[PDB]
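In the block that follows, a single chain appears as structure tokens, in the form deposited in one PDB entry.
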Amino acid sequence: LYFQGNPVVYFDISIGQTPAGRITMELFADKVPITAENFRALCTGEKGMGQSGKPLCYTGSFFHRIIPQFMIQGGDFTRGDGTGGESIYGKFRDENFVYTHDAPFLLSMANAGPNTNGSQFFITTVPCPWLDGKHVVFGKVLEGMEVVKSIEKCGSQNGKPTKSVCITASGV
């Protein structure tokens, strides 16, 4: 499924034992193809197993770092804590910085410095211009903005979730 020529993917989310609903996302494959495709394939899990010995798939992973008035971060399906994750390419380059963090509900890559993209990502809940030119923006939320806001409410100043926020299904 496509929106404005770009692939659409989804997360189903639970918070604690309770389903919180679905987030659907447009991935900017037209202008950010490498990063968009990594994210798309990790939603479907279509690549199978990673070099880490874990499945290359977001299903079953958590939003492990959640900072209200900033962003929600997930994608660490190898270590669950912000130290792990892996790309479909087995880390990868910052392909460009065409898009900026100018609005809430943008998808951007978490990283540990230049050219260290893995699988960890964040969804902004405010504009984040201080991240421009350091984190690759590669998509945006289409529907489920309220689900993003529900997740954000489970965060802390120190980023520790106060509830378990899980991606219970993912794909296209």
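From 1 onward, residues are counted along the sequence shown.
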What lies unmodelled of the deposited sequence between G90 and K91 amounts to 1 to 3
For the stretches 35-43 and 142-150, which has the higher mean C-alpha B-factor as given in the deposited record? 142-150
Given 47-55 and 115-123, the range whose Cα B-factors average higher in the PDB entry: 47-55
Between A110, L107, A103, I66, where does the Cα B-factor run highest in the record? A103
Record-listed C-alpha B factor of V137: chain third: lowest
Within-chain third of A29 by Cα B-factor, per the entry: highest
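Another form exists, deposited with a partner chain bound; not displayed. Remarks below refer to it.
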Here the chain is shown alone; which of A41, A110, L142, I34 has a heavy atom within 4.5 Å of the partner chain in the entry with it bound? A110
Quick one: does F70 come within 4.5 Å of the partner chain in the entry with it bound, counting heavy atoms only? yes
Using 4.5 Å between non-hydrogen atoms, is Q120 touching the partner chain in the entry with it bound? yes
Taking any heavy atom pair closer than or equal to 4.5 Å as contact, tell me whether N96 reaches the partner chain in the entry with it bound. no
With the cut-off set at 4.5 Å between non-hydrogen atoms, does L131 touch the partner chain in the entry with it bound? yes
Testing 112-120, 48-56, 24-32, 142-150 against the partner chain in the entry with it bound with a 4.5 Å heavy atom criterion leaves exactly one stretch, namely 112-120
